[PDB]
Every structure is written in structure tokens, then in C-alpha cells.
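Participant: Sequences listed follow chains b, d, g, j, f, c, i and a, in order. Quick note on PDB author numbering: the first sequence kicks off at 2 and runs consecutively. Quick note on PDB author numbering: the second sequence kicks off at 4 and runs consecutively. Quick note on PDB author numbering: the third sequence kicks off at 7 and runs consecutively. Quick note on PDB author numbering: the fourth sequence kicks off at 2 and runs consecutively. Quick note on PDB author numbering: the fifth sequence kicks off at 4 and runs consecutively. Quick note on PDB author numbering: the sixth sequence kicks off at 2 and runs consecutively. Quick note on PDB author numbering: the seventh sequence kicks off at 30 and runs consecutively. Quick note on PDB author numbering: the eighth sequence kicks off at 11 and runs consecutively. To start, I am sharing the structure in question, which I have written as C-alpha cells.
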Amino acid sequence: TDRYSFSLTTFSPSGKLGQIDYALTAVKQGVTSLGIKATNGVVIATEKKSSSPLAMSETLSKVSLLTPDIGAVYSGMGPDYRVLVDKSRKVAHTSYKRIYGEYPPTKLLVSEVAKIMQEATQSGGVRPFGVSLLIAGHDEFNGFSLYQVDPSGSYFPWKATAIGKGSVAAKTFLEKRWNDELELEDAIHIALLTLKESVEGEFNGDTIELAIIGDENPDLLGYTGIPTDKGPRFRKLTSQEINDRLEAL
Amino acid sequence: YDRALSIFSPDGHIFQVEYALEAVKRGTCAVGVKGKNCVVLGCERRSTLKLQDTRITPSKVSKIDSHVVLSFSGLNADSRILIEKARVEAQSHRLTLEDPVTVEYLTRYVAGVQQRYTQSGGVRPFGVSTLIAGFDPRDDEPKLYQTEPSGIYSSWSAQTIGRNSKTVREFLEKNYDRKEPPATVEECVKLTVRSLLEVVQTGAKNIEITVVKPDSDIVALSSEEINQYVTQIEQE
Amino acid sequence: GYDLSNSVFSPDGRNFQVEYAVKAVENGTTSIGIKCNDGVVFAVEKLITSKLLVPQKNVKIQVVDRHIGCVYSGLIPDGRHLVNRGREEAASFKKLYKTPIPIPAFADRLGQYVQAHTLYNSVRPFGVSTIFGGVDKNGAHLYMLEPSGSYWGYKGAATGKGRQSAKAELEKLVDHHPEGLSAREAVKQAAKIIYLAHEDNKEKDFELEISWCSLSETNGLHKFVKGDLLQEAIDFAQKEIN
Amino acid sequence: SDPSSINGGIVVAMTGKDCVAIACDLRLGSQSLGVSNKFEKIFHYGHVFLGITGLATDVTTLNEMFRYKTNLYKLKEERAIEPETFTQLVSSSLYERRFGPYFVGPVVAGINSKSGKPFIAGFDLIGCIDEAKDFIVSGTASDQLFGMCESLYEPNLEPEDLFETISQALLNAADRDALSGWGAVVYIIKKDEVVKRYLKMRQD
Amino acid sequence: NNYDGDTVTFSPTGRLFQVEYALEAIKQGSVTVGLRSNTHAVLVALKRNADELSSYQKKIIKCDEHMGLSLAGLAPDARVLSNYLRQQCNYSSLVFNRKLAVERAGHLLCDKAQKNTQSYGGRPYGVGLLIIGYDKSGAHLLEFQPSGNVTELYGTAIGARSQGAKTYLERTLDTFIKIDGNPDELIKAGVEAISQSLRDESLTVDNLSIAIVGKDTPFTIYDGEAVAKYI
Amino acid sequence: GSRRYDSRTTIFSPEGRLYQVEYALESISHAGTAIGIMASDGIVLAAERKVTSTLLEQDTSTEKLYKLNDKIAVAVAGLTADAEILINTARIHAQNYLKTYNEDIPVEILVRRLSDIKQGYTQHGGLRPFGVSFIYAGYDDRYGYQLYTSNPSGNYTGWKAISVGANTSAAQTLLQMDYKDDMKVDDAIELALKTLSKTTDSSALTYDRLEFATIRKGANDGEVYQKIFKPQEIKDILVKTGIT
Amino acid sequence: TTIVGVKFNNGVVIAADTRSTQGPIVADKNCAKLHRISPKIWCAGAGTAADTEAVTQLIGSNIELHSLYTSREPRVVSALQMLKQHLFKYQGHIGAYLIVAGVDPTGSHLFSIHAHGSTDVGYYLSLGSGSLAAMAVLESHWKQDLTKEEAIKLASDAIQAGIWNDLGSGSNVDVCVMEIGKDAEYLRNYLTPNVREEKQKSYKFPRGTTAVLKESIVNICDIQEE
Amino acid sequence: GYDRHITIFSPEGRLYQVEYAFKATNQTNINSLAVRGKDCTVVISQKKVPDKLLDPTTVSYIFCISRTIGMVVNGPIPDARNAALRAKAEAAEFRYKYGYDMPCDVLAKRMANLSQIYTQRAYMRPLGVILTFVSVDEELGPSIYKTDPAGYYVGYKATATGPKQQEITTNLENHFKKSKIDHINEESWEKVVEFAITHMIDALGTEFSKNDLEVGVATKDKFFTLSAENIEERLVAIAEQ
């Protein structure tokens, strides 16, 4: 049968939808991840944790690509994000690659993903996902943007933000380092320095995942010879390069 | 989803019916009196708070036809759905069968909406009681019915539903005859007014009067028209 | 707590609804299966609750395909439905690939099916263990299927109240023939250990049924045992227990 | 027969320098009866203009289709849709129908306010982005237009040289079309203000 | 309310409790007794009126001229099974130009009930059937439990005080099988069998309802002053 | 089971009242204030955010204000997240009216529709309602400017001025005492700001905590031009009314 | 049109023309007929134009997904396989005559695919209406194991022959060279063999040489404050 | 409470129902060990046959999903066959629509999503088995991916499973710290089998037989299983080292 079509999100007798509050707790049990928005790029960073010392963090992806020019990174539950990134990609393709053809604006896509969060707080047999996403991107219309998607199904633009267990400390860190004008390089230094205080293990560049949605790079597209068309503004930094960056904090 | 909200109660009742009738008590209050040449449905309008426009506050009396109206007591949210559904059925009769609707037709239709959600599981019925009033075309007899969210209908010749229906009923016992309605429209209007001034209160602010006369005559009377009648009532 | 559905799980790592279903078959009939070299021999104890019954009319042995024997114990209506589904599976395979389904293939499919009803609170599990086997071009096979959805290879298997009595004798029978043994001789064996597992059913009386699938006699089809061969087996088992 | 060529209709469009122009005839008929001398085929969403040719009913049904979609874009992003993204949209929405497909040709003309450039593109029954920086024509006398346009055109026109050109092309084609004629209107599109000018034309 | 409010939950006793409750409908319910020889089958049912100004209720349903069923439990549950058996029997005549066999119709019925007890929100049917019929194999007499399981007998009973009726049939067991070609004797013996099931429910000529099927006899229900040939 | 894990959430109570709706009104009082006032030249929508953080960008936050169509906008008070779904349903219903009738949707119709969805959640499906309250600014040609407030139960009530969100009591009374029916857009712009500064959840009302928007009939020909002000223009008008 | 694809040991070259005809009417002088299923997987299209363009849009999305899922270079035959199945159930009512080219870490590849859902391999393939004219010239000069430069030429010349003996082929010849283990090199307008001859006088007129009926202004630049 | 009975969060943000799924793979007492060789990937795993009356040849914890990808399962056997089936369907699926055999990486990711979907419903029981996929791919080289009930997966240099798998893990970690590369060097896959056995014997403290082991080997473009005889050959070669 099917008798689970009663929502598993409810209100509490003291107001405040209780289920999404619990789901927001799981983010404070999650890993720390942060995004600093520059005025000529965006940087996102997260820490890799595994349950084994024989585990490969070379086939572990916590920063994932949605479209060349837009990246995402989570804090919270792994499994939840693993399915949710696939649904983000799927709606972006079915509604903006088969209808509007080109890669969406950042603002558009953020709204669309928040609708799926919303539709896991409406129906039975589904309770919501317990991660928060930072979706960094650039469109040529609204410029650089950094957004944060809630487990409530809302979005917020931020100037700089963190999510994870060390989020509260991190936004206090960013207060004094932040400035309305930043370079992309300086952003890298600020981002990794804040995340060093939100990791209580050892802080390597082999176990720290770095990505920029900063400079275009054409040769990562797959072809060259038309410069009006580029390749990905997303660019993941390999490990040895990140090690160079640890020295640049 | 089919996990019932309608579940048999140990008294030969259903939880959702009993609750629906509670919601009718707690809600707006409608009085219906029929003359020999009219129906009057008056209902509590909710505008008690100060600085409200009453052209965009919910209609408590809605015309379904050119001579059949629908009034209600109970919740104010559950009721709009039924208004919309009644209109469709009226237009359907007129499309496929012909003949501006009869009041009786619509009385049974509204009760037939109540029965579905009671007897089915996974749904709950509307907490709305209705006064269905009007005329049959080609007949000059006015007709006053009530339906309640149980799905029952009964004819009356005066009726009240909603808050303090006991109070309103007792007033109408001495000043109304079951076998001789009013013979004048103005007296039917004034009798419905006198009942609403018991519970509702506070002038003619929250009073409504809709009048239907035969020949397909619907008029709505604004509150300022009702003031004039009220002063005569007090003087008397 | 943890005893109200089949999609709770305990901190112990145990599902009790599912475990509890094995107890259903434990109050069922005794049924045995001897894995041979040429085939398989099933036998099933049929309890007699009165003498108004008509013996060898009340079937627990249903054939699935033209070559797979199935006999089951536990809650009877449930087991008849499990066989019901499996006949549909037989026809489907035949339709697409134009050959009768193999013995391992059938075992596979039933395992999936019994899995499905312990994964939802909207269907009820089964209450039967089934014993089935046969001959195909990969050889003779024997399988027992739990209501958990578990099966294995089986040299010999049993279930029912007297599964203990049965299995103890099967161990000794592999001592007698560590090279396995012939189907034809295993008919007499099959009776023997139901009589031994009727010493746990010794406040009742019984009817013996035997069925076989063997490549050396019946040309690899599943048939019943009856007539002269049957009464030879009945006589054998009697004298031994007397 | 074929439904496109019942009412007729032509649309002509030409690029200039940091401007575009789109123009149409006003004739909408059913078959040999001329019905209306007062109808436009040019619509606008934002600052992008859509001229549509072919079958009458599908002219109007697509007008409404695109109005739903371009409202969405706007209310979202708080601004006007770009000519390039409107191109992509038009293509896909034609392909939605394959059985009883569309029997039109839309024409997209605007100015990209992102690089200052003229953009036009063309479409036929089901799609096919027609890229040009010269002119795109469509409709039933598309041949008459194609010839006329090539000869008069010179790369890079000023907005008034451009008015002259597109007008001449339209007139002679429309009076050499049986299903066009009745009046004409030309939008000359600059990026700050658009002038809409009716042409005096033979009544035919 | 753990395992008795759900129809999907086991039970380390290897039960579903609902089935036992559905078998208690038979104790409160009517009684009917079947017995067969090798050439005829017979049902003797105790009809019961609602009061004395009520006609007594028919308890035997004719499914075909070679088949009949009788209830002892809830009537609305019996209404589903009567339709189903008729449907399958007519289907057998249409498709295979066959009578439908007795054993086989029981098997179809068994697996039907099972998948409505499987589905959550369902119910096990609380009516027990005796299904009689005459096919090529001769007579058959099946007992149908609320479990759904079918059993083959020469004589069986269900309902209230069915236990005494099986005593009676086990004693006359070798008598009525070695009477063949006379359906009459079986009916007399069946009256005696259901008299071991009375509680001052008396047997009259309008309480007694007989149904037979033979090789040469259609399915026929005797009622009226025509059951007083066997009293 | 499946009836074993449901306690029945969306039935009536013994006062005829839906558990979930009553809880919802409380959760909307947690969320920031939003006030609507109707001038005889316009409607002013003014909203205070429910979140203001250390480094929250609120300079482009369009997270309370949404244009449903080019004459109807809403102010949001409640869960921003919950509100999303109905905001886009409303866009679709509005565009549909334009598509088939070649005319802009009346305010009445659009609100009545959304209310039906809310009513629909407790009517069927076992589903909860969205804990949202909306204040609608809308223009039509039949009642002119219309002002509406809607609640999570699915009912609409007209107003001349109304408040939702946090501290509705205080705000409502002050609005009654100070509002006159001959006010302008200028007057209403100042009245809204003063009311929001008596209900500010901090100790001061700041330009980046204000979203401010108007629908004005000063645009030519009597057309209504909706304006969602830039963050420098809100700061501009807030020093004018003399809060900061 | 004409599309040539020449496979050789070290890579593959796909070349096409830029003349877009609808009917005998030339839709476009210039148009890019090289399309992108994926950034390494280029094709060009002949036959009807809308159908080629649509199906490469549709399969471009599916492949783009797949490329993200593996996070590495998409295989050519993935595109091949998906096109084939798609077209097969329409039974070729969708006219796509594609030459599908691409490189990947299991070698150089070159395929053709028809409307019905037929696929061929070859070390060179040609499709469209001008395929025939291209063929001849290729088969004389072609060798096993061409140089990349040599292959460039031979491709461009084959399209050139299309211009001269086919009426769907014309204006510009573009080439894309895809080599294993590098980036695809898009050589737009590699050979421009035809200019519009010069005219002898310019076509200006003074104003109002066309009559004008009336005029109005029409504003889209925004909406209005007061 | 009842956030521990269905998969809905607690005031910690934790799904207790999901955590329990891990706790059941110790109940069959099966250990596995899988290491990447030089040109192969070897997985050796326990085989429990507690009786005669179980036929040992049939007792298999090794299911071939692809031609090239083996799967070894630790935990309850119903869920093992269920998981194997889903995975087999999906592998075939991808071969049909993408024109090559499904990558090991992508198959691991696939089962991770499906696992998450079984914890997304509130009446679906997570599949409690822990799955090891071993392959030699032509793009990723030797690979091990271990997926788990929650729907988390990550690549692996080597891995172990079972109630006693900490000990095994300790051994392997130390080996790759001396060697300083992520795969064992040798050059005959046979000797990588032998090495794997030695570490296993050290870890669990018990020497194994040819019917206490069942061995699977993936070389290039292939997966097969060793028979019980081949395994006895290896145990002689322990003597020979």
C-alpha cells in the first residue's frame, strides 16, 4: 500500500517547524566549509574527513560541479548531499538546457534548488535533507554571486559565510579580515586561514579541498580556437598547489 | 494516502462530524426568514475592527443563480470552496439540462459534497452549515432550506445556525408563525434585522441583508440602507 | 518497540519480525530433502487430525515447471501463494528464452520475492520454508528457502518440528556414503527419517508422502511416488522403527 | 495546400550599425478575401521584437506562448530578456509541437546591451537557428525580399540609411506579393528609443 | 494494539491474530454440514430467520449446475467469494469448454484471500465455505478456512457446534461411502449429523435446506414441503 | 505499521479548530514584521527581515519582496522558505490570466486562489500548511487599489492598513490612531517607517534591515509603476523621515 | 550540405561549410555548422537543419551529465549509442545526417549516423548531398597514416569540390582538428574561397524617398516615475 | 522517541535507524580483505560452512556484477543478493546506453544514491550489507570502492570488513608506510594472493583452509574466481617463501 502521504514535517506547539530545525542541527554535526566572495572571483573550501586511514580522499568529492561556471559545497550529511547534487544537476538540465539552452544565471539556479528542498517538507514518505549548500557562481548578468541554501528551502546571498560545526566562530573571524574590495589570491588566504581554526585534525593540502570560481581557463573546456566561448570558471586546485598555499597564509 | 480521518466513535457518531458542527457554532451566524414573496438571508459580516473596507472583505452571501443564493455559518475558509463548487453545478444544469436551477437541486448538491469526505478516508469534511434559499422558476413559492455538514438537509420556514442560535430561535418563536409567513417584503427584512441585533451587535456595521424577489430579482442592500430600518425598530 | 513493523531495526543488529517468522515453520510439518547424485528426493509428513480426511488428496507437493519439485511447511495458505507467484516466473522465462527455467535461476528469483515483503510495512511477510530442487545441465540441485529470504547449497535439509530428528540422521548418511548416493535408494531413506521425525509427532498420527526428481529413472522430470514403490518404502520404515 | 500560405504575411529585418530594424506588412486575410488592414505581426517583450509569419492562428497562439515565458524571465531577474536567450527559447518552443507542428516563421531582432551589438536570427516550421549579421526574412514572399534586400544592402548602415533601405525592400515585395499589400509599419530600433513609422503604400 | 491493530505485523508465534478473530465469526455464526459419497454430494444447512415475522435466510448459493457453496459466517464477506467463484467457473466454460474442477476452484480462492490479507488495510474474510461439486473426478467436498487453506474430506462441518457433527460423520463414515446411487440415504444421515449441532435451534420443514449434486442430477436446492420427505 | 506512526495531525480540535493552523500563527509571530498601508495614490509595502547577521549581505537581498506581476507585489512575513512555493504558483496563475484573456489578473482572484491551496492542505492528503502570512499590494480596474491580508488557514480579509509578523498588537493600534484616508504616498512612506521603528527586533531600524517598496500612480497616464528601492535610496529616505 | 570526416592514426579531422540553404533559397551566407554535443565531441549536420540541431541539443545535455558524473573526458561512442536508439524508434522520421567525430582515451574515432539509426565506421566518411563530389577527390590522395597538416588540406579541398559540384555547399570552409591527448583546435574560416564581387555604385537615397504615412514614438526603455 | 524507528532526524541531527544498519554485518562473522596489486586486485574472504549438511561449493559471498568488476559482500545474505541484483541491472543499463561497460567509480556512486533513497523514505529499511567492489579499470587503474548503508562511499587503497577488521587494517596501513606507495609491488598476481593471505592470518590469528577462503582476482579486462584447489596451491607457497 501507500499510507505515507502525510507530511513528516509538522509544527511544534510552540511554533517553529520542528523537522527543519532538527535538520539544521545535522549541519552543526557536519564538516566545516566556507565561502568568501571577492570582487573578482569566489573561493570555496572544505575539509575531507574519512572513517578509515586506508580510505581514498582522491575519489572523495565534497566540492562538486553543477555547470562549468557554478560550483557547490556542503556542510552536513554526506549521503543527503550525494543524492541532492544529482537532482540539482537534473533540474538545471531539463529546465535550462532543453528549454533555455545555455547555462543558467546563478540567481535562477539557486531558486530552483530551493524548491526541491521545499518539496521534501511537503509530502509523506519524505523528510527533508539535512545539509546546507553554498553555491558559488558567476553569471555575466548579476556578476559574481555567493548564495547559501538552507535546509528550510530558502536562499540568502552573503558577503562571506561559513556552514558546519564551526560556523559561528568563522563568521566572527571573517568580520575583521573582510573588506568590500578583495583580490582572488587574498581570498584564498583568508578562506583557508578561517578553516584551519575549524578543523581539529591536522591541516594538510592533501586533505583540504580547494576550489575557485575565479579566473576563466580555456583549456579545461575541451577545445580552443574560438575565444568568444570559454571554458570553466570553476577550477579545482590540485594538492601540490594547495601546499604552496599553506605557506601563503 | 488512505489512512482515515473518519473513524467510528463509540456513540454511533463520527469525530469529524461532531467537530464540524462545533466549528459551525464557533463561527459566523446566519438567520434566514422567508416571506410569502421573498427570501432574506442575513449573515454576520466580520468588520468589527476599525478602518476596514467591506467591498473586499469576504462575501458572506454569494449568488449562485439569478434567483438562488448561498449563505453560511461556521468557518470562513472552508466555506469558499463550497461556494465555488455550487456555482459550477448550477452552470452545468443550465448547459446540459436547461432551465435556471431550482433551489432544491442545489440543496441536495451541497449535501452531496458533505457526504463524500465524511464517508471517505484520508479526507475531512467542511465545517460549514448553509442556508440555501431562493425560488424555483415558474413558481411563486419561496423556499428556505438548511443543510449542515453532516450531509442532511431539512426544510424550515424560519431558521438560524451559528453562534447563540438558541437565543435567536426563542425570539422568533413569538413573532413568527409557521403557517403564515410575512406578506410584505419590508417586514421580512426588518424581522431578520431584529434577530441579528441580538448576537452580532454594534449597529448595522456587521449586518447584511440580501433580498430575492421573484421575476429573478436579486438586490444587495448596503449597510447604510439598513440603518434607516433600525431606527424605526428602536422607536417602535 | 522494534516489534511493530519489519522496517524497524534494533541496536542489536536483529530484525525480530523476520526471525519470528522462522518460528511459524517450526510449528509446521516435517519435511526433508536428500540431495543425491542423480537428483533429489523430497518427503513430507502429513499430519492426520481426524480420520474424516482423504489421504493423498491434500497437496503440499506442487510442481513448478515440468522439472522443479516444491514442497513447503509452515502456514499453508501463505506457501500456496508463494508457489503461485513462482509458476508465473516459470512461464515468463519460457516465453522469452524458449527453454524451461534452470534450478539455480528459480532459486534466485524466489529469494528476491521473499526479500520484498520484509522491506515494506505495507505487505506482510511469508510464514513458510520451502524445499525445492531438481536436475538441470549443471547437475542436481537442492535448496531450502527461509522466510528471511536466505538459501544455500544443501547436502541434506529439513524443517518442521522434527527438523532436528531428520538432520541428525542425514549426518550419519553422509558417513555411510561419502560419495553421495543414488536417488532410487534414497526413496527408502526418505521414508526412514520421517518416521524418525514422527517421534516428535508421537501424540498424533501421520500419512507419508514422497516425491522425486531424478535423471536416472524419471528422465529428469518431477513426478510422484505411488503404488508398488510407495508401499515398499512404507513397509521398510515400519519394520525399522518397530 | 499548406496552412502557412492561406493568409500570407512577410517580415523583413535588417542590421545596421549599433541598431536593428524590423518591419512587417499589416495585411491579414483568409485566402483571397482580405479581412483586416489593421493588424500587426510585430510584438515586443523587453526590447526584443518578434515578427512572425505564416498561418494566422499560430501567429497569435505563439504571441501568447512567448508572453507567458518572457514574463517569467522578467519578474525573476528584474529586467528585460536578451535577444540571444530569446532565440534559444523560440527554437525549443517550436519543437514542442511535432504532430501538427507550427506553420510559421518567427524572426528575432534586438540589440544586445551587453556588447552593443546587433543580433538577429531566423526560424522556420520547427526551428533551425538562422545566424546572420546581414538580414533575415521570412514568410511567403521570402524570395522577393531576399533578392531585393541583397541588392540594396551595404554592410553597416546608419539608422536613416537603414530606414530608406528596409522600406524600399518591403514596398516592392509587398506589392509583388498577392497576400501582402495593405499598409506597412517599420520599427527602427535604436537602443534608447524606438521610432515606429507607418508607411504610405498603395492600397492593394 | 501492537499486532491486533495491524494486518501486516508478525507475531513470533507464527500467526496473524486477525485470522483467529475471523475464525470466531464462525462460532457466533450459523452451522452447515456437508457429506459426500462417491457419486453424490450433499449440503444440509440450518437456515435462520431474524425474528418470527421474518422469512428464514437462505444459506446455500448455487454457483453452477455442478457447483455450490455454503456460508456459515459473515454474509458480506461471502458476497465477494460467491461472485469470484461464479466468474472463474463461467470463465472455464468459455475458454476451455470444461467444467471447472472442485480442487482447482478451491486453489484459486485460497490465493485470492491471501493477497487481500497481505495488503495493509485489508481484512481476512471471516466466512467459512463448504464447496461441493461433481466433476470428472467424482464428488468432492472441500472445507475452506478463514486462513484460506483447503482440505479434502468425505464429510465435514463448520459453524457453531461443528465438533459433534464430525464425531457423527466419523462414526457413519464407512456407512455412507458404501452407499452409492441413492442420494436419499445421505440426506437422512446429514439431518442426523446436524442434529448433533443443536442448541434448541430446532430443525423444522422451513429451517432445513438441502442441496445436492449428482452425476445425473443438476445442482438442486430443496426447500419447502419438499424437505419433509427426509424428515 | 503505517497508522502506528501517525497520531493524526490535520483533524479538527474540540473547538472546531485545526491544530496545525493554530501552531502556524505563533510561528509567524516569530518572523519579522511587514506592514501594508494603502494611500489614495498608491500602496506602500514595507518589510523588516527576520535575519540580520554579522556579515549578511542585505544590500541586494530580495528575500521578502517579490513581484508577482507588474502590478501586484507581495510583502512576506513568516517563513521565507515556506513562502517560495506559493510565490511561484502565483506568478503562474497571473500569467495564465494574461495568456488566455489578454488582461491583467484582478487582485481578488489571485489571492482567493492561493488561499484555496492553503485550505487544500488540511482538506486532503495529510499534509501540513505553509506557515505564511502575505500582504498583497495590487491594482485592478474594478476596485482600484486593493489591500489584502491572508493567513495560513486560507482566508482573505480586506484592510486599509494592516500589519503582520512580529508585534502585530502594538503596530495595529498605532496605525489606527495615526492613519487618515486622505494620506498620500509621501505621508504613507513616513507612517510605515515610524511604525516599523516601534516594532524593530533590534534597538534601531537600519537602512539595510529595511526593504521598502511602493506602487505609485504618479507614473504617467495613471499607470502604476512598482518600485523596489535601491539600498542607497532606502538609506536616502530613512534620513529624510528622521529615524537615523 | 557536405560534411567530411577523415580518421587517421594520430587523430581525426571534421570539416564543414557555412552556407545554410533552405530549399534553393540560401538562408545564410555564414552560419556555424559545427555543433557541440560535448567539448571534445564535435559533429556537423546535413539534411534538414532543424532536426540535426535539435537532436544534438537533446543528446548534448545527456552527455554533459555523463561527463560530470565521471568527471573526465566523455567517450565518443556514448554519444553514438544514444543517438542511434533515439532515432530508431521514430524509424527515421527525424532527419539527422550527422558525422560524429571525436577523440577519447580508447583511440581516434569516426562514425556516421543516418536518420533511420544506421551507423558506420570508417577511416573516412562523408555525408550530406555533396558527399559524392567529396568522395572522389579524397580517395585519390588518401593514404594510411596521414600527417595532421596533410589531413587538414585534404579535408578542405574535399569540401572545396563540394562547392564546385554541389549546390548545398558554399561559402567558407571551417575545420576542427581533434588530436588525441590535446585540446581540440577550432580553425574557423580556414579557407575563404568566395567573395561577393564588388558593385559599381552605392545605393543611397535621400530621405523620404520612401513615403511615410504617420509616426509615433514607442518606449521600452523602462517604466516611469512621474 | 520515534525518530529512531523511522529515518527522521533527532535534536542532534542524527539518523539512528541508519546507524543500526552497520551493526548487523558483524552477525555473520565474515571478514574480507582487499588489496591492489601491481596489475591486479585481489580480495580474499572468509567462507563459513558450519556443517556437512551445507554444501561448501555454493556458499558464495562473491557476485560478479560485470565481466570486470567483482563484488564481495559482508553482512546478511538476503540483502546481499538484493544489492547484487540492483547493481547488475544498472551495469547492464549503462552498457546499453553509453556504449561501454560501466565504470567502477560510477557504479559505486550509483549504489550510494540508491542507499540514500532507502533512508529517504520512512517505511523503507536500509540495506544493511557493506559492499566491496573490486576492479581493474582502464582509466582509473586498480580500484577498490566500498559503499555502505548510509550512502557514503569513498575510494580505497585497500580495505577490510568484518567484526575483527581493525586488526586487519592496522597490518595494511603499516605495510604501505614502509613501501611508500599505495599498491603492493610484486609482478605475479599469484604472489599478491599469497601476501594477502599472510596478512590475513596475522590479523585474525588463525590459519585458513581452502574452504575457509574463497578468492577473487581481477586482472585487466577480467574478473574470475579461484577454485578451492587453486587456493590449496597458494597455501603450499606459504611454505616456499
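Heads up, the beta-carbon is just placed ideally off N, CA and C, and yes, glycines get one too.
With a 10 Å radius around its C-beta and 16 neighbouring C-beta atoms as the bar for buried, classify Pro88 of chain a as buried or exposed.
Facilitator: So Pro88 of chain a ends up on the buried side.
Participant: Which one of f:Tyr137, f:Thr159, f:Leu211, f:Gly125 has the shortest CA to CA distance from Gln21 of chain f?
Facilitator: Among f:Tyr137, f:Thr159, f:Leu211, f:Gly125, the Cα nearest to that of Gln21 of chain f is on f:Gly125.
Participant: For chain b, check one thing: does any of its Cβ atoms lie closer than 8 angstroms to the Cβ of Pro68 of chain i?
Facilitator: So yes, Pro68 of chain i belongs to the interface.
Participant: Throw me the rounded Cβ distance for the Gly40 of chain i and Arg65 of chain i pair, which I believe falls under 8 angstroms.
Facilitator: Wrong, their Cβ atoms sit about 18 angstroms apart, outside the cutoff.
Participant: Say whether chain j places a C-beta atom closer than 8 angstroms to the C-beta of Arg114 of chain c.
Facilitator: No, because no Cβ of chain j sits closer than 8 angstroms to the Cβ of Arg114 of chain c.
Participant: What does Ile252 of chain i reach in chain c if we use C-beta pairs closer than 7 angstroms?
Facilitator: Correct list: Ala220, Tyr226.
Participant: Just to confirm, are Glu204 of chain a and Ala247 of chain a a CB contact at a threshold of 8 angstroms?
Facilitator: Yes.
Participant: Would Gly2 of chain c pass as an interface residue toward chain f - the criterion being a Cβ-Cβ separation below 8 angstroms?
Facilitator: Taking Cβ atoms only, chain f reaches closer than 8 angstroms to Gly2 of chain c, which makes this a yes.
Participant: Along the chain, where does the alpha helix (DSSP H) that runs through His87 of chain g open and close?
Facilitator: Unbroken alpha helix (DSSP H) run through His87 of chain g: 82-103.
Participant: Is the CB-CB distance between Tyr137 of chain f and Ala48 of chain f below 8 angstroms?
Facilitator: Contact: no.
Participant: Would you mind listing the alpha helix (DSSP H) stretches within the stretch 19-93 of chain a that are 4+ residues and don't spill past its ends, in chain order?
Facilitator: Within the stretch 19-93 of chain a, the complete alpha helix (DSSP H) runs of at least 4 residues are 26-32.
Participant: Would you tell me roughly how many angstroms separate the C-alpha atoms of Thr10 of chain f and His139 of chain b, rounded to the nearest one?
Facilitator: Answer to the nearest angstrom: the Cα atoms are 56 angstroms apart.
Participant: Restricting to runs no shorter than 3 residues, where is the beta strand (DSSP E) found entirely within the stretch 178-215 of chain b?
Facilitator: Runs of the beta strand (DSSP E) inside the stretch 178-215 of chain b: 209-214.
Participant: Pick helix, strand or coil for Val129 of chain g, following the three-state DSSP scheme.
Facilitator: It is coil, neither helix nor strand.
Participant: Using the three-state DSSP reduction, which class does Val31 of chain g fall into: helix, strand or coil?
Facilitator: Residue state, collapsed to three classes: helix.
Participant: Under 8 angstroms by Cβ, that's how I've got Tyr157 of chain f and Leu176 of chain f pegged, so tell me the actual separation to the nearest angstrom.
Facilitator: That pair is a contact at about 7 angstroms.
Participant: Between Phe147 of chain j and chain A, is there a C-beta pair that is closer than 8 angstroms?
Facilitator: Annotation note: the requested chain A is absent from the structure, which comprises protein chains b, d, g, j, f, c, i and a.
Participant: Assuming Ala168 of chain a and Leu55 of chain b make a contact with CB atoms under 8 angstroms, what is their CB distance in whole Å?
Facilitator: With 8 angstroms as the limit, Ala168 of chain a and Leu55 of chain b qualify as a contact, their Cβ atoms being about 5 angstroms apart.
Participant: Distance cutoff 8 angstroms, beta carbons only. Does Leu19 of chain c sit that close to anything in chain b?
Facilitator: No, because no Cβ of chain b sits closer than 8 angstroms to the Cβ of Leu19 of chain c.
Participant: For the pair the stretch 3-15 of chain j and the stretch 137-155 of chain j, tell me if three or more CB-CB distances fall below 8 angstroms.
Facilitator: Yes: at least three Cβ pairs fall under 8 angstroms.
Participant: Exposed or buried, what is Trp193 of chain i when buried is set at 16 or more other beta-carbons lying within 10 Å of its beta-carbon?
Facilitator: When all chains shown are included, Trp193 of chain i counts as exposed.
Participant: Mind checking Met210 of chain a: buried by the 16 CB within 10 Å criterion, or exposed?
Facilitator: Buried is the call here.
Participant: Between which residues of its own chain and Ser198 of chain i is the CB-CB distance below 7 angstroms, once the five residues before and five after are set aside?
Facilitator: Excluding sequence neighbours, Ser198 of chain i sits near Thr30, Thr31, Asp46, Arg48, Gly159, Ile188, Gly191, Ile192.
Participant: Does residue 10 of chain a get closer than 8 angstroms to chain g when you measure Cβ to Cβ?
Facilitator: Because chain a spans 11 through 251 in this model, residue 10 of chain a falls outside it and cannot be assessed.
Participant: List the DSSP bridge partners of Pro107 of chain j.
Facilitator: DSSP output for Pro107 of chain j lists j:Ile53 as bridge partner(s).
Participant: Would you grab the beta carbon distance between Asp203 of chain i and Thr225 of chain b for me? Rounded to a whole angstrom, and I think it's under 8 angstroms.
Facilitator: Actually they are not in contact, since the Cβ atoms of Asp203 of chain i and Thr225 of chain b sit about 14 angstroms apart, beyond 8 angstroms.
Participant: Terminal residues of the continuous beta strand (DSSP E) containing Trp218 of chain g?
Facilitator: Note, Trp218 of chain g: beta strand (DSSP E), 211-220.
Participant: Could you pull the DSSP bridge partners for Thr16 of chain j from this structure?
Facilitator: Bridge partners of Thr16 of chain j: j:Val21.
Participant: Closest by CA to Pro86 of chain a, which one among a:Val69, a:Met112, a:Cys74, a:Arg46?
Facilitator: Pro86 of chain a has its Cα closest to that of a:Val69, out of a:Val69, a:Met112, a:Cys74, a:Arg46.
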